[PDB]
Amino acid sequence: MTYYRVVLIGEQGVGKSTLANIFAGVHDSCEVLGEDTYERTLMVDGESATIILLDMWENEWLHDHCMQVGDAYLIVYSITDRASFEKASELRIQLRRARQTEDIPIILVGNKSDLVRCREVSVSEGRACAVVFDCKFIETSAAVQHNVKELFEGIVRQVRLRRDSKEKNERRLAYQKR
């Protein structure tokens, strides 16, 4: 068993809990930690990955220490809410301040991709933020299950790139391509 501690942060209402629950619902199977922690094991590039998913950003002990426990952070905004996109920047700064020495894997997540007509953040703008500030970008929908699978496979791959040798990840990339 290899653990991947993944933390959801972002403005209230962007879909963190809905993403978490969709992830938990799709995959079969740390209950003592409480109702905001989800554990599921995935197969990624022919190797098991046990994701511990932490969703306690909203205003008990784990909540006050959210920035310190993760191997990887999902900074979520809603594509329909400019304010949440700005909040994601506040969070990026707060997080890289708390973990100054570490190349912490971050995914910027533009959630609610199904709400096409209410879009306030262009995919180009989300992409540009990720490029300039050095993280990965993906648009998702918990409502429609767009890229939910891809998000969690992606975060595993990103953590593995930081942890493991160029050889190991070389075989895994060759596994993924073929």
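All residue numbers are counted from 1 along the displayed sequence.
Trainee: According to the entry, how many residues of the deposited sequence fall between residue 29 and residue 30 and are not modelled? Options: none, 1 to 3, 4 to 9, 10 or more.
Mentor: Count of unmodelled residues in between: 4 to 9.
Trainee: Could you settle it for me: does 84-92 or 100-108 have the higher average Cα B factor in the PDB entry?
Mentor: Between 100-108 and 84-92, it is 100-108 that shows the higher mean C-alpha B-factor.
Trainee: Mean CA B-factor: is it higher for 146-154 or for 49-57?
Mentor: Looking at the record's C-alpha B-factors, the answer is 49-57.
Trainee: Which of these has the highest Cα B-factor in the record: 127, 117, 63, 40?
Mentor: Each of 127, 117, 63, 40 was compared by C-alpha B-factor; the highest is 63.
Trainee: Lowest, middle or highest third: where is residue 14 by Cα B-factor in its chain?
Mentor: Its C-alpha B-factor belongs to the lowest third of this chain's values.
Trainee: C-alpha B factor of residue 139, ranked within the chain: lowest, middle or highest third?
Mentor: It falls in the bottom third of the chain.
Trainee: Considering only modelled residues of the same chain, in which third does the CA B-factor of residue 20 rank: lowest, middle or highest?
Mentor: Residue 20: CA B-factor falls in the lowest third of its chain.
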